[PDB]
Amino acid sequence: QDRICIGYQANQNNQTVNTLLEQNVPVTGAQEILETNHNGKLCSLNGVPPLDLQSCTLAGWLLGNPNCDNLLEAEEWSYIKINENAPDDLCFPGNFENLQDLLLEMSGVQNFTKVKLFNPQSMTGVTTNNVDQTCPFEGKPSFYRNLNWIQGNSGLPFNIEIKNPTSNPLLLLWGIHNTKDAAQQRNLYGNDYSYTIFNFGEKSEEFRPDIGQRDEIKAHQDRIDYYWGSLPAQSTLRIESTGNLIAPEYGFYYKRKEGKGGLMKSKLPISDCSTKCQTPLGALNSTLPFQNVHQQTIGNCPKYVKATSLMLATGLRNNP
């Protein structure tokens, strides 16, 4: 007998998919919409390399720890790779104030350029560029490159005027010298107590030393409290101090990439590659909507889901 039939394809595909009704239904074609592969590298984001601090911390680098003289001169970065146990941090012992906000503020910047803020040689009745064995450079007592330790004022005020004539903010770092006792306070700054006042228009901050013997470290019972600030565009900072001020000599003009920074804690080094999405485990080169590589991500990334696979059926039910 003559006989015509209607039917559909079946092949040798072992792909199975799950549906709301049945599980592990064999199909002739299935698509994976979950990205599960990365390149195992720390890359540049869209061509912009991250900031590699190497043996230094952000603080050590910005302050200008002599051992950080080799980094160097990075103009822009898409994110920062943090080296946790970086040895080159604060060479002179002390506290860093508000480090976390500085981290956020520096997480992604554009036109980063160092600037000389004032000329110490213009100053009179004072000693400038003071050094210490604790901040050595090649077997000699040095100090932070971007800071200036001022002494010998004999209890008299000295003044520093800082100006930001650009349309970008100006990053400033400085310190307050916490003397160990009155005898050191008098010998260095010629008084028993000092004030240091930062003037941003009508706004002002006053700094006072916290005098007292700290437990000895690096032959120092005294400390330095390190501060940072941001002098806005077209603005002026005026400083007056009767001592204890480690002056800001070098600052940095910078433009921060709005809502486009990043802080990366990773053991991987930095490679010569680029990506639009980065994880601590490596970069994702994906056009897929979902990924299960890592939740902590930077850039334009697929959404992180708690799944091992997302098999989307395309083909037919494969039952011969």
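Numbers for residues come from their place in the sequence shown, where the first is 1.
The question of which stretch, 84 to 92 or 112 to 120, has the higher mean Cα B factor is settled in favour of 84 to 92.
The stretch 70 to 78 shows the higher mean C-alpha B-factor when 70 to 78 is compared against 208 to 216 in the entry. Of the residues listed, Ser286, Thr57, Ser44, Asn65, the entry assigns the biggest Cα temperature factor to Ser286. Residue-level inspection of the entry shows that, of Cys277, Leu51, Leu34, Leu281, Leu34 has the top Cα B-factor.
Among the modelled residues of its chain, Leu263 has a C-alpha B-factor that falls in the lowest third according to the deposited record. Ranked within its chain, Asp222 lands in the lowest third, by CA B factor from the PDB record. In the deposited entry, the Cα temperature factor of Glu249 sits in the bottom third of values across the chain's modelled residues.
Among all modelled residues in this chain, the alpha-carbon of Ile197 has a temperature factor (C-alpha) in the middle third.
In this PDB entry, the Cα temperature factor of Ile162 sits in the bottom third of its chain's modelled residues, the lowest group.
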